[PDB]
>>> print(open('final.pdb').read())   # PDB, C-alpha atoms
ATOM      1  CA  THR A 912      77.238  69.510   4.620  1.00  0.00           C
ATOM      2  CA  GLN A 913      73.615  69.292   5.742  1.00  0.00           C
ATOM      3  CA  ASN A 914      73.163  72.927   4.703  1.00  0.00           C
ATOM      4  CA  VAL A 915      74.559  72.063   1.263  1.00  0.00           C
ATOM      5  CA  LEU A 916      72.107  69.167   0.960  1.00  0.00           C
ATOM      6  CA  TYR A 917      69.190  71.367   2.035  1.00  0.00           C
ATOM      7  CA  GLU A 918      70.231  74.001  -0.513  1.00  0.00           C
ATOM      8  CA  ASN A 919      70.363  71.353  -3.246  1.00  0.00           C
ATOM      9  CA  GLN A 920      66.867  70.286  -2.186  1.00  0.00           C
ATOM     10  CA  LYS A 921      65.688  73.890  -2.504  1.00  0.00           C
ATOM     11  CA  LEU A 922      67.280  74.128  -5.959  1.00  0.00           C
ATOM     12  CA  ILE A 923      65.519  70.964  -7.124  1.00  0.00           C
ATOM     13  CA  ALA A 924      62.193  72.119  -5.681  1.00  0.00           C
ATOM     14  CA  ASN A 925      62.435  75.581  -7.259  1.00  0.00           C
ATOM     15  CA  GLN A 926      63.263  74.146 -10.683  1.00  0.00           C
ATOM     16  CA  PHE A 927      60.470  71.569 -10.396  1.00  0.00           C
ATOM     17  CA  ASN A 928      57.885  74.175  -9.385  1.00  0.00           C
ATOM     18  CA  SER A 929      58.856  76.454 -12.280  1.00  0.00           C
ATOM     19  CA  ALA A 930      58.568  73.520 -14.688  1.00  0.00           C
ATOM     20  CA  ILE A 931      55.129  72.702 -13.271  1.00  0.00           C
ATOM     21  CA  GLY A 932      53.998  76.285 -13.825  1.00  0.00           C
ATOM     22  CA  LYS A 933      55.097  76.157 -17.454  1.00  0.00           C
ATOM     23  CA  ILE A 934      53.372  72.792 -17.951  1.00  0.00           C
ATOM     24  CA  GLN A 935      50.139  74.145 -16.462  1.00  0.00           C
ATOM     25  CA  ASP A 936      50.278  77.054 -18.901  1.00  0.00           C
ATOM     26  CA  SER A 937      50.734  74.588 -21.763  1.00  0.00           C
ATOM     27  CA  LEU A 938      47.745  72.539 -20.582  1.00  0.00           C
ATOM     28  CA  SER A 939      45.517  75.615 -20.426  1.00  0.00           C
ATOM     29  CA  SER A 940      46.639  76.749 -23.882  1.00  0.00           C
ATOM     30  CA  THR A 941      45.964  73.307 -25.370  1.00  0.00           C
ATOM     31  CA  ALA A 942      42.498  73.287 -23.793  1.00  0.00           C
ATOM     32  CA  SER A 943      41.758  76.752 -25.204  1.00  0.00           C
ATOM     33  CA  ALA A 944      42.912  75.754 -28.693  1.00  0.00           C
ATOM     34  CA  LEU A 945      40.910  72.518 -28.679  1.00  0.00           C
ATOM     35  CA  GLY A 946      37.817  74.442 -27.603  1.00  0.00           C
ATOM     36  CA  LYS A 947      38.175  76.996 -30.385  1.00  0.00           C
ATOM     37  CA  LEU A 948      38.722  74.233 -32.948  1.00  0.00           C
ATOM     38  CA  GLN A 949      35.633  72.377 -31.723  1.00  0.00           C
ATOM     39  CA  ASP A 950      33.530  75.533 -31.989  1.00  0.00           C
ATOM     40  CA  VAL A 951      34.658  76.354 -35.530  1.00  0.00           C
ATOM     41  CA  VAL A 952      34.441  72.754 -36.772  1.00  0.00           C
ATOM     42  CA  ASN A 953      30.866  72.378 -35.546  1.00  0.00           C
ATOM     43  CA  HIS A 954      29.878  75.806 -36.887  1.00  0.00           C
ATOM     44  CA  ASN A 955      31.176  74.925 -40.352  1.00  0.00           C
ATOM     45  CA  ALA A 956      29.519  71.500 -40.211  1.00  0.00           C
ATOM     46  CA  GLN A 957      26.183  73.191 -39.512  1.00  0.00           C
ATOM     47  CA  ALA A 958      26.979  75.620 -42.406  1.00  0.00           C
ATOM     48  CA  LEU A 959      27.596  72.718 -44.906  1.00  0.00           C
ATOM     49  CA  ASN A 960      24.414  70.989 -43.656  1.00  0.00           C
ATOM     50  CA  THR A 961      22.422  74.230 -44.160  1.00  0.00           C
ATOM     51  CA  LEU A 962      23.867  74.630 -47.657  1.00  0.00           C
ATOM     52  CA  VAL A 963      22.801  71.077 -48.520  1.00  0.00           C
ATOM     53  CA  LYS A 964      19.307  71.619 -47.111  1.00  0.00           C
ATOM     54  CA  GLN A 965      18.882  74.885 -49.054  1.00  0.00           C
ATOM     55  CA  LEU A 966      20.139  73.578 -52.420  1.00  0.00           C
TER      56      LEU A 966
ATOM     57  CA  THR B 912      74.753  58.132   4.730  1.00  0.00           C
ATOM     58  CA  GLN B 913      75.507  61.595   3.352  1.00  0.00           C
ATOM     59  CA  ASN B 914      76.825  59.931   0.168  1.00  0.00           C
ATOM     60  CA  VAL B 915      73.423  58.096  -0.125  1.00  0.00           C
ATOM     61  CA  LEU B 916      71.742  61.530   0.186  1.00  0.00           C
ATOM     62  CA  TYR B 917      73.957  63.075  -2.557  1.00  0.00           C
ATOM     63  CA  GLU B 918      73.511  60.142  -4.951  1.00  0.00           C
ATOM     64  CA  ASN B 919      69.752  60.356  -4.382  1.00  0.00           C
ATOM     65  CA  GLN B 920      69.893  64.047  -5.288  1.00  0.00           C
ATOM     66  CA  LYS B 921      71.783  63.256  -8.495  1.00  0.00           C
ATOM     67  CA  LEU B 922      69.250  60.535  -9.355  1.00  0.00           C
ATOM     68  CA  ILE B 923      66.379  62.968  -8.782  1.00  0.00           C
ATOM     69  CA  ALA B 924      67.981  65.592 -11.020  1.00  0.00           C
ATOM     70  CA  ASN B 925      68.711  63.137 -13.843  1.00  0.00           C
ATOM     71  CA  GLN B 926      65.199  61.666 -13.813  1.00  0.00           C
ATOM     72  CA  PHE B 927      63.742  65.189 -13.785  1.00  0.00           C
ATOM     73  CA  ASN B 928      65.798  66.280 -16.794  1.00  0.00           C
ATOM     74  CA  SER B 929      64.778  63.128 -18.676  1.00  0.00           C
ATOM     75  CA  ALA B 930      61.100  63.816 -18.006  1.00  0.00           C
ATOM     76  CA  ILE B 931      61.511  67.423 -19.147  1.00  0.00           C
ATOM     77  CA  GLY B 932      63.025  66.317 -22.453  1.00  0.00           C
ATOM     78  CA  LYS B 933      60.116  63.963 -23.085  1.00  0.00           C
ATOM     79  CA  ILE B 934      57.646  66.721 -22.184  1.00  0.00           C
ATOM     80  CA  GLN B 935      59.304  69.108 -24.640  1.00  0.00           C
ATOM     81  CA  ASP B 936      58.827  66.479 -27.350  1.00  0.00           C
ATOM     82  CA  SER B 937      55.134  66.183 -26.475  1.00  0.00           C
ATOM     83  CA  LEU B 938      54.688  69.965 -26.528  1.00  0.00           C
ATOM     84  CA  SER B 939      56.252  70.286 -29.976  1.00  0.00           C
ATOM     85  CA  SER B 940      54.043  67.501 -31.334  1.00  0.00           C
ATOM     86  CA  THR B 941      50.928  69.133 -29.865  1.00  0.00           C
ATOM     87  CA  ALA B 942      51.790  72.475 -31.462  1.00  0.00           C
ATOM     88  CA  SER B 943      52.445  70.818 -34.829  1.00  0.00           C
ATOM     89  CA  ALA B 944      49.122  68.969 -34.760  1.00  0.00           C
ATOM     90  CA  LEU B 945      47.164  72.077 -33.774  1.00  0.00           C
ATOM     91  CA  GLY B 946      48.819  74.005 -36.597  1.00  0.00           C
ATOM     92  CA  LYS B 947      47.910  71.373 -39.176  1.00  0.00           C
ATOM     93  CA  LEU B 948      44.320  71.313 -37.918  1.00  0.00           C
ATOM     94  CA  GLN B 949      44.134  75.114 -38.094  1.00  0.00           C
ATOM     95  CA  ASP B 950      45.439  75.119 -41.670  1.00  0.00           C
ATOM     96  CA  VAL B 951      43.055  72.420 -42.892  1.00  0.00           C
ATOM     97  CA  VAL B 952      39.985  73.802 -41.107  1.00  0.00           C
ATOM     98  CA  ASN B 953      40.572  77.275 -42.542  1.00  0.00           C
ATOM     99  CA  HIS B 954      41.278  75.821 -46.018  1.00  0.00           C
ATOM    100  CA  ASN B 955      37.983  73.891 -45.958  1.00  0.00           C
ATOM    101  CA  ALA B 956      36.088  76.907 -44.604  1.00  0.00           C
ATOM    102  CA  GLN B 957      37.401  79.018 -47.484  1.00  0.00           C
ATOM    103  CA  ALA B 958      36.476  76.215 -49.891  1.00  0.00           C
ATOM    104  CA  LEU B 959      32.914  76.087 -48.542  1.00  0.00           C
ATOM    105  CA  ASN B 960      32.614  79.873 -48.797  1.00  0.00           C
ATOM    106  CA  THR B 961      33.962  79.820 -52.360  1.00  0.00           C
ATOM    107  CA  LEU B 962      31.411  77.131 -53.222  1.00  0.00           C
ATOM    108  CA  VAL B 963      28.599  79.247 -51.773  1.00  0.00           C
ATOM    109  CA  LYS B 964      29.826  82.305 -53.683  1.00  0.00           C
ATOM    110  CA  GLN B 965      30.155  80.425 -56.982  1.00  0.00           C
ATOM    111  CA  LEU B 966      26.594  79.066 -56.844  1.00  0.00           C
TER     112      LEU B 966
ATOM    113  CA  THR C 912      68.168  66.734  11.207  1.00  0.00           C
ATOM    114  CA  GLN C 913      69.125  64.164   8.578  1.00  0.00           C
ATOM    115  CA  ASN C 914      65.689  62.648   9.176  1.00  0.00           C
ATOM    116  CA  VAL C 915      64.285  65.957   7.907  1.00  0.00           C
ATOM    117  CA  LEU C 916      66.560  65.705   4.862  1.00  0.00           C
ATOM    118  CA  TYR C 917      65.332  62.151   4.235  1.00  0.00           C
ATOM    119  CA  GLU C 918      61.710  63.267   4.539  1.00  0.00           C
ATOM    120  CA  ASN C 919      62.372  66.094   2.075  1.00  0.00           C
ATOM    121  CA  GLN C 920      63.896  63.612  -0.381  1.00  0.00           C
ATOM    122  CA  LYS C 921      60.821  61.388  -0.127  1.00  0.00           C
ATOM    123  CA  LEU C 922      58.480  64.374  -0.506  1.00  0.00           C
ATOM    124  CA  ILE C 923      60.308  65.532  -3.640  1.00  0.00           C
ATOM    125  CA  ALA C 924      60.187  62.050  -5.160  1.00  0.00           C
ATOM    126  CA  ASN C 925      56.492  61.551  -4.388  1.00  0.00           C
ATOM    127  CA  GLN C 926      55.393  64.971  -5.647  1.00  0.00           C
ATOM    128  CA  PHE C 927      57.401  64.525  -8.851  1.00  0.00           C
ATOM    129  CA  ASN C 928      55.925  61.060  -9.422  1.00  0.00           C
ATOM    130  CA  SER C 929      52.342  62.229  -8.888  1.00  0.00           C
ATOM    131  CA  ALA C 930      52.867  65.198 -11.219  1.00  0.00           C
ATOM    132  CA  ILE C 931      54.233  62.856 -13.891  1.00  0.00           C
ATOM    133  CA  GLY C 932      51.154  60.660 -13.496  1.00  0.00           C
ATOM    134  CA  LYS C 933      48.874  63.665 -13.954  1.00  0.00           C
ATOM    135  CA  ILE C 934      50.831  64.709 -17.048  1.00  0.00           C
ATOM    136  CA  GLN C 935      50.526  61.224 -18.550  1.00  0.00           C
ATOM    137  CA  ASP C 936      46.758  61.406 -18.028  1.00  0.00           C
ATOM    138  CA  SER C 937      46.617  64.808 -19.733  1.00  0.00           C
ATOM    139  CA  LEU C 938      48.649  63.496 -22.669  1.00  0.00           C
ATOM    140  CA  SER C 939      46.137  60.680 -23.139  1.00  0.00           C
ATOM    141  CA  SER C 940      43.236  63.147 -23.106  1.00  0.00           C
ATOM    142  CA  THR C 941      44.968  65.415 -25.637  1.00  0.00           C
ATOM    143  CA  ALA C 942      45.657  62.489 -27.968  1.00  0.00           C
ATOM    144  CA  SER C 943      41.990  61.468 -27.776  1.00  0.00           C
ATOM    145  CA  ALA C 944      40.753  64.979 -28.567  1.00  0.00           C
ATOM    146  CA  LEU C 945      43.146  65.321 -31.509  1.00  0.00           C
ATOM    147  CA  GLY C 946      42.074  61.965 -32.931  1.00  0.00           C
ATOM    148  CA  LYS C 947      38.407  62.919 -32.773  1.00  0.00           C
ATOM    149  CA  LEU C 948      39.102  66.300 -34.390  1.00  0.00           C
ATOM    150  CA  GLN C 949      41.040  64.635 -37.218  1.00  0.00           C
ATOM    151  CA  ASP C 950      38.255  62.120 -37.826  1.00  0.00           C
ATOM    152  CA  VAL C 951      35.491  64.731 -37.950  1.00  0.00           C
ATOM    153  CA  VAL C 952      37.499  67.278 -40.031  1.00  0.00           C
ATOM    154  CA  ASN C 953      38.195  64.570 -42.710  1.00  0.00           C
ATOM    155  CA  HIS C 954      34.554  63.300 -42.679  1.00  0.00           C
ATOM    156  CA  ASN C 955      33.354  66.897 -43.267  1.00  0.00           C
ATOM    157  CA  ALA C 956      36.015  67.434 -45.967  1.00  0.00           C
ATOM    158  CA  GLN C 957      34.845  64.306 -47.788  1.00  0.00           C
ATOM    159  CA  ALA C 958      31.236  65.461 -47.431  1.00  0.00           C
ATOM    160  CA  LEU C 959      32.082  68.833 -48.990  1.00  0.00           C
ATOM    161  CA  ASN C 960      33.983  67.238 -51.881  1.00  0.00           C
ATOM    162  CA  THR C 961      31.075  64.861 -52.512  1.00  0.00           C
ATOM    163  CA  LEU C 962      28.659  67.795 -52.568  1.00  0.00           C
ATOM    164  CA  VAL C 963      30.963  69.488 -55.084  1.00  0.00           C
ATOM    165  CA  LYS C 964      31.029  66.453 -57.375  1.00  0.00           C
ATOM    166  CA  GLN C 965      27.246  66.034 -57.130  1.00  0.00           C
ATOM    167  CA  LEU C 966      26.814  69.627 -58.331  1.00  0.00           C
TER     168      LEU C 966
ATOM    169  CA  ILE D1172      36.837  73.957 -54.955  1.00  0.00           C
ATOM    170  CA  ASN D1173      38.649  71.146 -53.140  1.00  0.00           C
ATOM    171  CA  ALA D1174      38.437  70.256 -49.453  1.00  0.00           C
ATOM    172  CA  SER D1175      41.680  68.928 -47.981  1.00  0.00           C
ATOM    173  CA  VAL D1176      42.099  66.324 -45.254  1.00  0.00           C
ATOM    174  CA  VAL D1177      44.378  66.489 -42.217  1.00  0.00           C
ATOM    175  CA  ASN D1178      46.845  63.832 -41.056  1.00  0.00           C
ATOM    176  CA  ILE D1179      48.217  64.231 -37.524  1.00  0.00           C
ATOM    177  CA  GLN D1180      48.583  60.534 -36.736  1.00  0.00           C
ATOM    178  CA  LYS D1181      52.318  60.829 -36.071  1.00  0.00           C
ATOM    179  CA  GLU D1182      51.686  63.601 -33.534  1.00  0.00           C
ATOM    180  CA  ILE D1183      48.933  61.635 -31.763  1.00  0.00           C
ATOM    181  CA  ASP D1184      51.143  58.548 -31.589  1.00  0.00           C
ATOM    182  CA  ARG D1185      54.002  60.706 -30.288  1.00  0.00           C
ATOM    183  CA  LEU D1186      51.802  61.998 -27.467  1.00  0.00           C
ATOM    184  CA  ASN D1187      50.929  58.417 -26.518  1.00  0.00           C
ATOM    185  CA  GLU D1188      54.602  57.439 -26.858  1.00  0.00           C
ATOM    186  CA  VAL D1189      55.638  60.158 -24.406  1.00  0.00           C
ATOM    187  CA  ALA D1190      52.836  59.198 -22.021  1.00  0.00           C
ATOM    188  CA  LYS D1191      54.340  55.707 -21.936  1.00  0.00           C
ATOM    189  CA  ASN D1192      58.015  56.753 -21.917  1.00  0.00           C
ATOM    190  CA  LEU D1193      57.511  58.961 -18.862  1.00  0.00           C
ATOM    191  CA  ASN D1194      57.313  55.796 -16.736  1.00  0.00           C
ATOM    192  CA  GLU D1195      61.079  55.377 -17.156  1.00  0.00           C
ATOM    193  CA  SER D1196      61.616  58.858 -15.660  1.00  0.00           C
ATOM    194  CA  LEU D1197      59.885  58.094 -12.345  1.00  0.00           C
ATOM    195  CA  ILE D1198      62.030  58.198  -9.203  1.00  0.00           C
ATOM    196  CA  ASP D1199      63.056  55.139  -7.166  1.00  0.00           C
ATOM    197  CA  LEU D1200      65.333  56.376  -4.374  1.00  0.00           C
ATOM    198  CA  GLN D1201      67.954  54.225  -2.573  1.00  0.00           C
ATOM    199  CA  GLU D1202      66.844  53.175   0.964  1.00  0.00           C
TER     200      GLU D1202
ATOM    201  CA  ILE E1172      25.452  80.256 -44.306  1.00  0.00           C
ATOM    202  CA  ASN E1173      28.972  81.601 -43.780  1.00  0.00           C
ATOM    203  CA  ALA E1174      31.947  79.450 -42.816  1.00  0.00           C
ATOM    204  CA  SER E1175      34.203  80.768 -40.055  1.00  0.00           C
ATOM    205  CA  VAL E1176      37.976  80.521 -39.789  1.00  0.00           C
ATOM    206  CA  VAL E1177      39.796  79.557 -36.592  1.00  0.00           C
ATOM    207  CA  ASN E1178      42.774  81.417 -35.118  1.00  0.00           C
ATOM    208  CA  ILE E1179      44.697  79.539 -32.420  1.00  0.00           C
ATOM    209  CA  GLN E1180      48.108  80.972 -33.282  1.00  0.00           C
ATOM    210  CA  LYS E1181      48.454  82.387 -29.761  1.00  0.00           C
ATOM    211  CA  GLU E1182      48.113  78.889 -28.249  1.00  0.00           C
ATOM    212  CA  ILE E1183      50.509  77.329 -30.835  1.00  0.00           C
ATOM    213  CA  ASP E1184      53.140  80.008 -30.252  1.00  0.00           C
ATOM    214  CA  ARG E1185      52.861  79.582 -26.481  1.00  0.00           C
ATOM    215  CA  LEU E1186      53.251  75.801 -26.741  1.00  0.00           C
ATOM    216  CA  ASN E1187      56.381  76.200 -28.874  1.00  0.00           C
ATOM    217  CA  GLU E1188      57.706  78.856 -26.489  1.00  0.00           C
ATOM    218  CA  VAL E1189      57.264  76.502 -23.529  1.00  0.00           C
ATOM    219  CA  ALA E1190      58.878  73.644 -25.460  1.00  0.00           C
ATOM    220  CA  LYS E1191      61.876  75.974 -25.767  1.00  0.00           C
ATOM    221  CA  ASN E1192      61.727  77.530 -22.275  1.00  0.00           C
ATOM    222  CA  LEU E1193      61.688  74.212 -20.405  1.00  0.00           C
ATOM    223  CA  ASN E1194      65.444  74.123 -21.053  1.00  0.00           C
ATOM    224  CA  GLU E1195      65.647  76.779 -18.329  1.00  0.00           C
ATOM    225  CA  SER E1196      64.006  74.448 -15.788  1.00  0.00           C
ATOM    226  CA  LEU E1197      66.661  71.745 -16.217  1.00  0.00           C
ATOM    227  CA  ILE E1198      68.669  71.111 -13.051  1.00  0.00           C
ATOM    228  CA  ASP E1199      72.429  71.625 -13.375  1.00  0.00           C
TER     229      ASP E1199
ATOM    230  CA  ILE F1172      26.900  64.786 -47.952  1.00  0.00           C
ATOM    231  CA  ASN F1173      26.028  65.030 -44.247  1.00  0.00           C
ATOM    232  CA  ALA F1174      28.371  66.898 -41.904  1.00  0.00           C
ATOM    233  CA  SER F1175      29.069  65.410 -38.479  1.00  0.00           C
ATOM    234  CA  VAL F1176      29.854  67.281 -35.266  1.00  0.00           C
ATOM    235  CA  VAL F1177      32.770  66.708 -32.895  1.00  0.00           C
ATOM    236  CA  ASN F1178      32.425  66.589 -29.103  1.00  0.00           C
ATOM    237  CA  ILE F1179      35.659  66.813 -27.103  1.00  0.00           C
ATOM    238  CA  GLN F1180      34.376  68.786 -24.122  1.00  0.00           C
ATOM    239  CA  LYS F1181      35.276  65.954 -21.735  1.00  0.00           C
ATOM    240  CA  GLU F1182      38.917  66.065 -22.852  1.00  0.00           C
ATOM    241  CA  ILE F1183      39.026  69.871 -22.584  1.00  0.00           C
ATOM    242  CA  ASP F1184      37.483  69.832 -19.110  1.00  0.00           C
ATOM    243  CA  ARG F1185      39.975  67.141 -18.098  1.00  0.00           C
ATOM    244  CA  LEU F1186      42.901  69.234 -19.339  1.00  0.00           C
ATOM    245  CA  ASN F1187      41.715  72.223 -17.308  1.00  0.00           C
ATOM    246  CA  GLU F1188      41.123  70.012 -14.265  1.00  0.00           C
ATOM    247  CA  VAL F1189      44.636  68.549 -14.483  1.00  0.00           C
ATOM    248  CA  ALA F1190      46.083  72.040 -14.892  1.00  0.00           C
ATOM    249  CA  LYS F1191      44.380  72.905 -11.605  1.00  0.00           C
ATOM    250  CA  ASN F1192      45.330  69.616  -9.916  1.00  0.00           C
ATOM    251  CA  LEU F1193      49.049  70.072 -10.580  1.00  0.00           C
ATOM    252  CA  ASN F1194      49.087  72.785  -7.889  1.00  0.00           C
ATOM    253  CA  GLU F1195      48.840  69.938  -5.364  1.00  0.00           C
ATOM    254  CA  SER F1196      52.095  68.496  -6.772  1.00  0.00           C
ATOM    255  CA  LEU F1197      54.149  71.626  -6.075  1.00  0.00           C
ATOM    256  CA  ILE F1198      56.947  71.066  -3.559  1.00  0.00           C
ATOM    257  CA  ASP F1199      56.764  72.987  -0.263  1.00  0.00           C
ATOM    258  CA  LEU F1200      59.782  71.752   1.679  1.00  0.00           C
ATOM    259  CA  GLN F1201      60.265  71.741   5.435  1.00  0.00           C
ATOM    260  CA  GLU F1202      62.682  74.433   6.583  1.00  0.00           C
ATOM    261  CA  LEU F1203      65.673  72.713   8.188  1.00  0.00           C
TER     262      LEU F1203
END
>>> encode(input="final.pdb", output="structure tokens")
Amino acid sequence: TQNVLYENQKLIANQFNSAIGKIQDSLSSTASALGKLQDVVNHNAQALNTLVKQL
Amino acid sequence: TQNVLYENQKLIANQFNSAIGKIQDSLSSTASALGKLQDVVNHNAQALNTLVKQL
Amino acid sequence: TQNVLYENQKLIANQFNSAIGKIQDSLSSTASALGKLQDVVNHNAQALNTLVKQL
Amino acid sequence: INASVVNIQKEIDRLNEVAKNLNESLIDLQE
Amino acid sequence: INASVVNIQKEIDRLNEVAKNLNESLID
Amino acid sequence: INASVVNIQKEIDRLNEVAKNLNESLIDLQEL
């Protein structure tokens, strides 16, 4: 019975670790996307500002 | 005692599955928001470029 | 032996709880970043539309 | 030439909602 | 004074894929 | 008609940091 309990513990730990890996991937992807959006937003803000200053 | 161990394992599994469902919700919402931001940023970039070209 | 099983149960619970705390923190940060992006994207959209009407 | 606005308030509030809801998924084991 | 477009479709697709794949991490 | 800039580098850095910190929450059980 103790072996069964230890095997259930290993199951839970394996599933949890896989979930954590997926969540880490999602965090990194969200960070990447936010960074790209920040870059483009600020670039286009500077581009509207330049247009105003050159009109 | 072994029954306390097995019920604890079931509790752990149920709480884990609940958390995973909530995390899936959060992931879908994040993707939706990033998609809307992408669409609007590109729309406004194209609008600014069309303005520049029309002048 | 069952003391080892009990310690494993506690370790699983504590690691899961700390990971959930970290994830809650990350969700807060993501919400903040998305709010700021929305605010700035809509301020720059209004600026562009106002420039259009002025011209 | 028309600039559009974005509205992701529901998504932001959902992220905060999940951040709060996850407290009910924490583990309290029987002693 | 050119405006640039953003392309984060990779990140969006991966987030949706994880939102689907987490079903596989559920404990039976 | 003035365009503002957005600064979310703190949130991005925090997301990457938490991604890294979750490694410490992985479960490494004791072999029975």
>>> resolve_selection(input="final.pdb", expression="the PyMOL selection byres ((chain D and resi 1180) around 10)", output="MDAnalysis selection string")
(chainID B and resid 944) or (chainID C and resid 942 945:946 949) or (chainID D and resid 1177:1179 1181:1186)
>>> residues_around(input="final.pdb", residues="residue 1196 (chain F)", least_positions_apart="3", cutoff="6 Å", atoms="all atoms listed in the file", output="list in words")
residues 926 and 930 of chain C; 1193 of chain F
>>> resolve_selection(input="final.pdb", expression="the PyMOL selection byres ((chain E and resi 1176) around 9)", output="list in words")
residues 951 and 955 of chain A; 949, 952, 953, 954, 956 and 957 of chain B; 1174, 1175, 1177 and 1178 of chain E
>>> write_last_selection(input="final.pdb", atoms="C-alpha atoms", output="CSV table (one decimal), in the coordinates of the input")
chain,number,residue,atom,x,y,z
A,951,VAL,CA,34.7,76.4,-35.5
A,955,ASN,CA,31.2,74.9,-40.4
B,949,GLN,CA,44.1,75.1,-38.1
B,952,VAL,CA,40.0,73.8,-41.1
B,953,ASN,CA,40.6,77.3,-42.5
B,954,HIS,CA,41.3,75.8,-46.0
B,956,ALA,CA,36.1,76.9,-44.6
B,957,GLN,CA,37.4,79.0,-47.5
E,1174,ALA,CA,31.9,79.4,-42.8
E,1175,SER,CA,34.2,80.8,-40.1
E,1177,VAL,CA,39.8,79.6,-36.6
E,1178,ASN,CA,42.8,81.4,-35.1
>>> residues_around(input="final.pdb", residues="residue 923 (chain B)", least_positions_apart="3", cutoff="9 Å", atoms="only C-alpha atoms", output="PDB file with C-alpha atoms, in the frame of the given file")
ATOM      1  CA  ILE A 923      65.519  70.964  -7.124  1.00  0.00           C
TER       2      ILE A 923
ATOM      3  CA  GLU B 918      73.511  60.142  -4.951  1.00  0.00           C
ATOM      4  CA  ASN B 919      69.752  60.356  -4.382  1.00  0.00           C
ATOM      5  CA  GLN B 920      69.893  64.047  -5.288  1.00  0.00           C
ATOM      6  CA  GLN B 926      65.199  61.666 -13.813  1.00  0.00           C
ATOM      7  CA  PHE B 927      63.742  65.189 -13.785  1.00  0.00           C
ATOM      8  CA  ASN B 928      65.798  66.280 -16.794  1.00  0.00           C
TER       9      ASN B 928
ATOM     10  CA  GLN C 920      63.896  63.612  -0.381  1.00  0.00           C
ATOM     11  CA  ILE C 923      60.308  65.532  -3.640  1.00  0.00           C
ATOM     12  CA  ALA C 924      60.187  62.050  -5.160  1.00  0.00           C
TER      13      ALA C 924
ATOM     14  CA  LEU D1197      59.885  58.094 -12.345  1.00  0.00           C
ATOM     15  CA  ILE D1198      62.030  58.198  -9.203  1.00  0.00           C
ATOM     16  CA  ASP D1199      63.056  55.139  -7.166  1.00  0.00           C
ATOM     17  CA  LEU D1200      65.333  56.376  -4.374  1.00  0.00           C
TER      18      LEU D1200
END
>>> calpha_fit_rmsd(input="final.pdb", fixed="chain A", moving="chain C")
0.6 Å
>>> closest_atom_pairs(input="final.pdb", of="chain F", to="region 931-934 of chain A", cutoff="12 Å", atoms="only C-alpha atoms", output="Markdown table")
| residue | atom | partner | partner_atom | distance |
| --- | --- | --- | --- | --- |
| F:1186 | CA | A:934 | CA | 11.1 |
| F:1187 | CA | A:934 | CA | 11.7 |
| F:1189 | CA | A:934 | CA | 10.3 |
| F:1190 | CA | A:934 | CA | 7.9 |
| F:1191 | CA | A:932 | CA | 10.4 |
| F:1192 | CA | A:931 | CA | 10.8 |
| F:1193 | CA | A:931 | CA | 7.2 |
| F:1194 | CA | A:931 | CA | 8.1 |
| F:1195 | CA | A:931 | CA | 10.5 |
| F:1196 | CA | A:931 | CA | 8.3 |
| F:1197 | CA | A:931 | CA | 7.3 |
| F:1198 | CA | A:931 | CA | 10.0 |
>>> atom_distance(input="final.pdb", atom1="CA of residue 962 (chain C)", atom2="CA of residue 1172 (chain F)")
5.8 Å
>>> closest_residue(input="final.pdb", among="B:915, B:965, B:947, B:941", to="chain A", atoms="all atoms listed in the file")
B:941
>>> resolve_selection(input="final.pdb", expression="the PyMOL selection byres ((chain F and resi 1173) around 7)", output="ChimeraX atom specification")
/A:960 /C:958 /F:1172,1174-1175
>>> atom_distance(input="final.pdb", atom1="CA of residue 1196 (chain E)", atom2="CA of residue 929 (chain A)")
6.5 Å
>>> residues_near_point(input="final.pdb", point="(52.4, 63.5, -24.6)", cutoff="7 Å", atoms="all atoms listed in the file", output="list in words")
residues 934 and 937 of chain B; 935 and 938 of chain C; 1185, 1186, 1187, 1188, 1189 and 1190 of chain D
>>> closest_residue(input="final.pdb", among="C:959, C:914, C:940, C:925", to="chain B", atoms="only C-alpha atoms")
C:959
